[PDB]
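# Topology and contacts: notes
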Amino acid sequence: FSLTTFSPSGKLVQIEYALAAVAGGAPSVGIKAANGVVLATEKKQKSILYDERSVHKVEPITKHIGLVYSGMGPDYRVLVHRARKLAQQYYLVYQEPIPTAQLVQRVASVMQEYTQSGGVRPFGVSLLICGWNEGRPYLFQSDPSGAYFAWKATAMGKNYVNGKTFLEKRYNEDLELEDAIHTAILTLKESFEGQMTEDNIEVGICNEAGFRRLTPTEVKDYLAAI
Amino acid sequence: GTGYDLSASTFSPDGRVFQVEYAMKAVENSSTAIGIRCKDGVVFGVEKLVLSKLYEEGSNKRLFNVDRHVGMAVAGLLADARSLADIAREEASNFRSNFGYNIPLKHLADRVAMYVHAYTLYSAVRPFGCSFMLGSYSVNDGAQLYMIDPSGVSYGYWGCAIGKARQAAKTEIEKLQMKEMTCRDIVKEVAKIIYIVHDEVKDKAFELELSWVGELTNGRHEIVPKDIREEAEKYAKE
Amino acid sequence: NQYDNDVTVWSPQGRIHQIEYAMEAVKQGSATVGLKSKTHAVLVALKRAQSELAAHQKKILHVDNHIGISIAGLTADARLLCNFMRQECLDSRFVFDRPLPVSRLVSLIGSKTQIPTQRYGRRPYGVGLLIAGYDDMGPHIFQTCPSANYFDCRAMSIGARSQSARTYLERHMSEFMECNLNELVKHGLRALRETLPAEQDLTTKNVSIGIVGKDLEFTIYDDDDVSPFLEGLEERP
Amino acid sequence: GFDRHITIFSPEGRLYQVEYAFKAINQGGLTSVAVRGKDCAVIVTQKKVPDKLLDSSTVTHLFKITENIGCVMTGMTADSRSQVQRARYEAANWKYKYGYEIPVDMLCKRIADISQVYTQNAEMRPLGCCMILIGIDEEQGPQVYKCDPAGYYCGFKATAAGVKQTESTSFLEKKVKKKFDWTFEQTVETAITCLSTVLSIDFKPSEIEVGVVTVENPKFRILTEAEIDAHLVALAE
Amino acid sequence: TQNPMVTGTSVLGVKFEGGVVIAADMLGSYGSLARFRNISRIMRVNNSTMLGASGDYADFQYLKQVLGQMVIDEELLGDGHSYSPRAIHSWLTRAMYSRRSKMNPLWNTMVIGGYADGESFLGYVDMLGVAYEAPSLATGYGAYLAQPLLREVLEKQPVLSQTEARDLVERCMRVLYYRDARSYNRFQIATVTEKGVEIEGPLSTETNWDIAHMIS
Amino acid sequence: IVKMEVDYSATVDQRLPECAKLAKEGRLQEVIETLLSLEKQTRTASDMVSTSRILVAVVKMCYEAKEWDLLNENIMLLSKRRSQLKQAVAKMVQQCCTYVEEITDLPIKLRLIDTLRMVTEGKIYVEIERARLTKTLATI
Amino acid sequence: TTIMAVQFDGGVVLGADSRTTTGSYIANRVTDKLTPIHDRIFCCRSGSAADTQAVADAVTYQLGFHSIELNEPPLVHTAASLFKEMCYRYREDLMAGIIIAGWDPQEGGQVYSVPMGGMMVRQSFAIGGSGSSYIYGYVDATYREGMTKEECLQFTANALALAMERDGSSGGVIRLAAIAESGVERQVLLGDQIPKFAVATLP
Amino acid sequence: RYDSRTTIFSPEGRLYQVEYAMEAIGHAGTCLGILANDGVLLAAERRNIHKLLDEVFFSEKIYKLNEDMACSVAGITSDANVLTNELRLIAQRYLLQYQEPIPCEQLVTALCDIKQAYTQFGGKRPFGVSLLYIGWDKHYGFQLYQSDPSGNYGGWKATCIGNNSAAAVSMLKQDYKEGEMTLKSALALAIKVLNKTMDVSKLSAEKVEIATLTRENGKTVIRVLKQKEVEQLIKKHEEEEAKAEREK
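- Its PDB record attributes the structure to cryo-EM, giving the resolution as 3.6 Å.

Shown next, in the form of structure tokens:
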């Protein structure tokens, strides 16, 4: 009624429609490499009127937790605002644990106000989260109704199927260094229609040193020699 | 409409609120009114249909006093109109209690209009079935007159009319040359315009409720002395 | 017809339909008339009896020494309005020791009943009220309809077949200010008798009178108290 | 059903209520243009005044949200005023909570969040008014943003909203693709010629109301009749 | 409320044939300090009722605001009725009683004068909710000093004329100024009658100091 | 095209010949400027005949005072100010056509090309093209 | 500390000391006690510094919002009403003496006082603070009617100087603020510029 | 007219919404609990085994909910998460109140009471999740309980809750022997029934997750059998299968 609702006999029809909406069209690949995690996404603005340094698809929820998303950007904001408040509350209660990767699983779990309390209309965004404050990286996915999936590499876009196929075929693998971001950009290339450029593509990296949204300078540097 | 015109919270396929589009119809159906900003004040006027002679002297008057200097001439569903007038009185009293002095008419109209819009936004509550002019005068700000429709917003009016015959009234209002005519001749002319508008051609006899505000009344929005404005009604009759 | 289902919804043709149905609640009720005067207000109510064994029910409800009401319609949410009006009058008595003037009371009732006409899940108070009061400006008669739009009246009647009583009151209302108490009460009695079918006629058991005057506080006369008024009936059923 | 009646996800995987609400903005018959410049940010909307009994003094669609942020509304005027009031409340509350004035991007973000809450849930409905707010921000130059009934807040350099918004956006795209910065004259002339080409009436200097925020002169100058006339004379020269 | 800071000193008033006259000086005593010397402690409740107060002037201003607002609301309806001074006295009484019951008392002792229905009324209500009406009334040290003169005049003359009544009020004000520390030589005198409420203004009383030479 | 708001026929009748006398030889440009203000007033009042008469009087003054350059920039300003009234500008171009054909001179070629530039901004089939045709023939 | 306001033709002049005392130690010798509530409206604070700051900031909130929603500069009377309401509703908790002044086109230079308790009064001149109680006679005797801008400025500067030199809780520098239609001009008197009435008691 | 949920009866008198949810619990998920002396164990079927996961949560079906018990859901994960959180909260609240580990039956009764409330009053969906619990207490020793979304729990000793729960329970009934049952033979039975209910023979140790609760010296140890131990169990089962098949 005023929660995550509309579940018929052996189905969650409203949730299934929400996932149909989260099919979206922003590819937003994610790769969990040995050194860290890369969340890359496509910012294909309509016309040149819009700006790219104005709004962002990658959001640092805290010191080393970075977040990327899928369709329904208006819902994604609210979700990332809630996530920031949740990580901050956890850090305030358990004071000074520099909590990112021992907090990445926990924030993914506290992503239950995410959907288990939908809010009449469930959220329409599936989001990938990256963290590296455990000596090991973590890439999780939270979907408009499910929970932490703990991916190693995936995509959430209009062509997420062949994107994931590309990821496994190009062998997401386990020995890949931090610069699997090249492979991430390749995976985007597949689900991208245009000469992608620095403002066109937005990518964040979360390594053991912390999280950082790569500026257009580095994004263009990586896009060169592709 | 058919499917989409059931609750105001449901937008139309073209993007319209059919609940308000229908609430405007009640104002269009109810009896008319008029208000003219004279040179140094605002004069109201509204014909009231005496549906039965059983009623006493003019009661449930379409005019109301919302504050000391402010008056409200309303048309449409009269019960909700009165409740809205009470909302306006409460708003004026609250503003006087908080910020002192008297509530400026533009802000009063804006606040009551935002309140009305709150009642059309949601689903559980329904839009108000009334449209009303708020008229006021003061030495500092001259004379102001704002009309609020059942769902829209206040608009500054030199002269406005609402109700059964808006266009018929507005034609002769715009024919009249305001902004240099004193509130006396305006009080005559508003009665003239109301009587030009149909009163008994298809309906019963009508009562002429006329209201004043201006430096001739040093503010203090009050009903015009009906005994001495019966001659103004006579001049309208001629 | 879809648009007639709920009070909140608004008909495309204009006014809503649930409110218009609410007035039929007062239409479907026993008749009552109420008339002013120069100095008195009188209510005559046809106490509708269920069966000869049962009593003729209660109408013309009591509110205060100077105000008395007559209901016509849904009795359920009518004792509620009576409680509200009694409470407000007692509140006025408590705060500034003066009888609450009727007009202020009627405006309060109108505002109170207006809200259910706009709040979802709340039915309008489908009760016709004939308030008779004596404030400082002589006797007053007010009619309150479920559409929350009250009216002031020189003489008004509500109930089943009340149109005939309305017509009689209109035709004789010129000679209402200058009438003795008994003359006015007999005017009202004739008006009410003209309502019910020719087979029915006024009895001491099926009529109630509410009288409020300058020196006479509101009083509910009946059978015994009524016979002196019922005399000189001039019966033309 | 009710997929297209309430704010719920469509089986096809869309949200039809907000899709409708966007067309409400086109409804109402108005257009508005905003051009960011080298140093200033100028916006302009037509002032459709039917009959002169209205007060052209108060028919405007642009407002000061704070001392440096100016907004233009597009769509239903009641919702437009409600959102303007909300934005002013947010600006004042921000100035109270944090010492420095609210950045325009942050204000647009808060308004967008309010609208996103509205498109969430089912009791309320989205407000059919798209707001273009502009302001000078230090270390940022002029800044223009657009909040929409959905909650997507963005929009820059050249952005338009209203009935004929697409044609205006196309022309402004041509102009911005023409690589030359607009000074505090070319920006205004560009906005004026854009809106004029959209609605060719040659724009008598009384039917548009332009707001200007320069860097050396902050504040939301609602340019007067004389200023807009001077700009029109200079442009048509 | 709990501890007044700026207090207004005494106010008095007597009713006569066809009208009432009250008087209050224009000093706001910040304890022993004559901080405010040009303040009015007399309010026009309506066209036919006046009110004065002694005590916390902030509380007096709040009551003035609330009562003026309720009078404005009453007159907005245009029902022809009004708040008779008896009803006003009752309303103030209850307000004060409600405040004491809530244990947030209003530090004001109030005198309400009025002339309605051709009969003068002169009410009295204090902080503790005690209220009554008497032909002569005074507050604070006024009830100790000026009141006895009013009582001894009224015992022999149950009814009074306006001119001698206001002369008596002026003499009582002179006595209060002579023998009250908080008093001041600037008082307003307000007269309610059938014609309405008329306030004279910053009246002053002449001081006599011949007895100053009786020191030696 | 657009409904007339405020006529100034009395004003132009009472003032224009007096202005012509005051600037019989055209040494004063304040007269030209004040008639420009008057015709701007009548244009904002959406009057066509008064504006056309003002433009005809201006070009007639330029004819009689034979200031060829000031004529060129004056007619440029008149045709380019806001476009004014199409009827009025078509008129003014017509009397300019009637005038340029009577004085041989050397820079009447410049006058012809100036009017050609004023009329070639468009509005050819609408609002008089025979003038442009005759100007091209005159250039030939 | 001491705060004072004077109304002249076409504007007002405000003078405040820069000292805020805590017990017998000088917490802040350069306190800025002339808080601009709006562009042409200023506040002088006395008493509990925290409470004064909170009340002034809340009123600045409400007044700026109200001015923006009217598209008109607010009235000094409206500001004083906001202060009186804020002080009166919370007088039992908030103990602060406030002097409001400013200029608005509606009336011009206006000055109001809201001491502890929550009363509002309009005065030609206003005086408050701990050190105010020592210059009442001087301010009352040496105040004329129709004084011009410079006369009011010098007279207020002198009154503040004497209040500072006499009261132990007042000292430091003097802040003056001249408010008029042209705008507000704020100046500071320090050290030698302080108008001094030396008391050279004979041996 | 406004939408109203269905928490009502049938013309016959059935709660068909609850029945549909309970049947849907059979769809998706597969868990089974077998009780034995000195050790009671749970086996779970790893539904999605895509190679792009990392298995860092260490447990998906089996959840440790208390020192002396562990549960396993078979429903919608959204409800499963909140139900496990509420279950742990209930157990720990009991521990706070009585300074003693909560008996398994009391814990299960609390959980089924919350589910009964969810299906009883208000316009709230029933919790579409059915879960097993294995635990040890002082009063009854090793206990196994199965709770359905209907809130009607049952004290079992060999049961399954997954898709082919009918086949699994038939296999358990055929090859279950009480008393003689011990931990190791219980493990053999569990892997055998899992191999039966999972069509692909030679089940990989990754597709099966099993956890055993055992009673050490005055202390309950809940060990989730890791990959090597699981596949060694698989190898022993394979040896038994080959021997039995060839000896005919």
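## Concerning the UniProt feature "active site" in chain G
Residues and elements named next belong to chain G.
- When the UniProt feature table is mapped onto this chain numbering, "active site" sits at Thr1.
- Within the secondary structure, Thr1 is located in the segment before β1 (3–8).
- If sequence neighbours within four positions are ignored, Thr1 has contacts with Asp17, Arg19, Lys33, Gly129, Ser130, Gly131, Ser132, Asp167, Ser169 and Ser170.

## Remarks on the packing of aromatic side chains
- Under the counting rule described, the total for this entry stands at 37 aromatic pairs over all chains.
- Their ring planes at 65° and their centres at 6.5 Å tell us that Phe140(A) and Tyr148(A) sit as a pair that is edge-to-face.
- Note on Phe140(A): relative accessible area 4%, which makes it buried.
- Between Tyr141(E) and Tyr144(E), the aromatic rings sit 5.9 Å apart at their centres with planes inclined by 50°, giving tilted as the arrangement.

## Overview of the pairing of strand β9 (residues 208–216) of chain H
All names here are of chain H.
- In terms of residue burial, β9 counts as a mostly covered element, since seven of its nine residues are buried.
- Bridge count for strand β2 (residues 39–45) against β9 is six bridges, and the pairing is antiparallel. Across the sheet, residue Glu45 finds its bridge partner in β9, namely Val208.
- The antiparallel pairing of β9 with strand β10 (residues 219–224) creates a hairpin that spans two residues between the two strands, and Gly218 there sits at a positive phi of about 60°.

## Remarks on helix α2 (residues 77–98) of chain H
All names here are of chain H.
- Between the first and last C-alpha of α2 there are 31 Å, a value that for 22 residues agrees with the 32 Å anticipated at 1.5 Å per step.
- Buried within α2 we find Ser78, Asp79, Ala80, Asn81, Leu83, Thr84, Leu87, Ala91 and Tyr94.
- On its buried face, α2 is in contact with β3 (62–66), β4 (69–73), α3 (104–120) and β5 (131–136).
- One or two residues past the end of α2 sits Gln99, with phi positive at roughly 45°.

## Some details on the pairing of strand β5 (residues 127–135) of chain C
Residues and elements named next belong to chain C.
- Counting buried positions over the nine residues of β5 gives nine, a clear majority of the element.
- Judged by which residues are buried, β5 turns out to be covered on both faces: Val127, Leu129, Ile131, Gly133 and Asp135 on one side and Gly128, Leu130, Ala132 and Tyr134 on the other are all buried.
- Sheet topology note: the strand β4 (residues 67–73)/β5 ladder contains seven bridges and is antiparallel. When the bridges of β5 are listed, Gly68 appears paired with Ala132.
- The sheet contact formed by β5 and strand β6 (residues 138–144) spans seven bridges and is antiparallel. Note on β6: the bridge partner recorded for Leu129 is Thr144.

## Considerations on the packing of helix α5 (residues 181–193) of chain C against helix α6 (residues 223–230) of chain C
Residue and element names in this part refer to chain C.
- One can describe the packing of α5 onto α6 by two numbers: an axis separation of 9 Å at closest approach and a directional angle of 100°. The angle between the axes of α5 and α6 places the two elements in the roughly perpendicular class. Where α5 approaches α6, its residues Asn182, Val185, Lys186 and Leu189 are matched on the opposing element by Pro228, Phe229 and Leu230.
- The residue makeup of the contact of α5 with α6, split by class, is five nonpolar, one polar and one charged.

## Considerations on unusual backbone geometry
- One non-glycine residue with positive phi stands out, namely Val120(A), at about 60°.
- With a phi angle near 45°, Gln99(H) is a residue other than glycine that sits in the positive phi range.
- Turning to its location among the elements, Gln99(H) is positioned in the loop between α2 and α3.

## Regarding the sheet that holds strand β6 (residues 142–147) of chain H
All names here are of chain H.
- The antiparallel open sheet is built from five strands, whose spatial order is β3-β4-β5-β6-β7. A single partner strand is all that each edge strand has here, and the edge strands are β3 and β7 (154–156). With strand direction ignored, the average angle separating the axes of adjacent strands in the sheet is 30°.
- Running over the sheet, α2 touches β3, β4 and β5 and is turned about 25° from β3.

## Observations regarding the interface of chain B and chain D
- Facing the 32 residues of chain B at the interface are 31 residues of chain D.
- The shortest N-O distance in the salt bridge between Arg37(B) and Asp55(D) comes to 3.0 Å.
- Connecting chain B to chain D are 13 residue pairs in polar contact.
- For the side of chain B that touches chain D, the secondary-structure elements that each account for two or more residues are α3 (105–121), β7 (155–156) and α4 (166–175) of chain B.
- Tallying contributions element by element places α3(B) first for the side of chain B that touches chain D, with four residues.

## A short note on the environment of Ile199(E)
Residue and element names in this part refer to chain E.
- Relative to the helices and strands, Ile199 is located in strand β13 (residues 196–199).
- Considered as a pair, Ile199 and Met50 are 149 residues apart in the sequence and their alpha carbons are 9.6 Å apart.
- The residues touching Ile199, leaving out its near neighbours within four places in the chain, are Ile42, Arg44, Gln188, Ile189 and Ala190.

About the cut-offs
- Within each chain the numbering goes from 1 in written sequence order, not necessarily matching the entry, and residues lacking coordinates are not shown.
- Chain letters and ligand numbers both follow the written order, the letters beginning at A and the numbers at 1.
- Every figure given here refers to the displayed chains, which form just one part of a larger assembly.
- Hydrogen atoms and water are omitted, and side-chain values are computed over all heavy atoms in the structure.
- Residues with missing side-chain atoms are left out of burial classes, side-chain pairs and their counts.
- UniProt positions are given in the numbering used here, feature names are shortened, and annotations may be inferred rather than shown by experiment.
- For the purposes of this entry, the term helix denotes a DSSP run of H or I that reaches at least four residues, the term strand denotes a run of E that reaches at least two, and both are numbered from the N terminus.
- Whether two residues are in contact is decided by their heavy atoms, any of which lying within 4.5 Å being enough.
- Two rings belonging to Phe, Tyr or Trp (six-membered ring only in the last case) form a pair when the distance between their centres is within 6.5 Å. Interplanar angles under 30 degrees mark stacking, angles over 60 mark edge-to-face geometry, and anything in between is tilted.
- Residue exposure (1.4 Å probe, protein chains only): buried if accessible area is under 20% of the type maximum, exposed if over 50%, otherwise partly exposed.
- At least two bridges found by DSSP between two strands is the condition for calling them paired.
- A helix's residues, less one, multiplied by 1.5 Å, set its expected span.
- To get an axis, a line is fitted to the C-alpha atoms, and for a helix only the part in contact is used. The angle between two axes follows their N-to-C directions and goes from 0 to 180 degrees.
- Should an angle lie under 35 degrees it is considered roughly parallel, over 145 roughly antiparallel, and from 65 to 115 roughly perpendicular; all remaining angles are considered oblique.
- In this count, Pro and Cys sit with the nonpolar residues alongside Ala, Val, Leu, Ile, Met, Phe, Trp and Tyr, while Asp, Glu, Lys and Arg are called charged and the others, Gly among them, polar.
- The term salt bridge refers to a side-chain nitrogen of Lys or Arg lying within 4 Å of a carboxyl oxygen of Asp or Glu.
- Identification of polar contacts relies on pairs of N or O atoms within 3.5 Å, with a donor-acceptor requirement for protein atoms, meaning one able to donate a hydrogen and the other able to accept it, and with residues adjacent in sequence counted only if both atoms are side-chain atoms.

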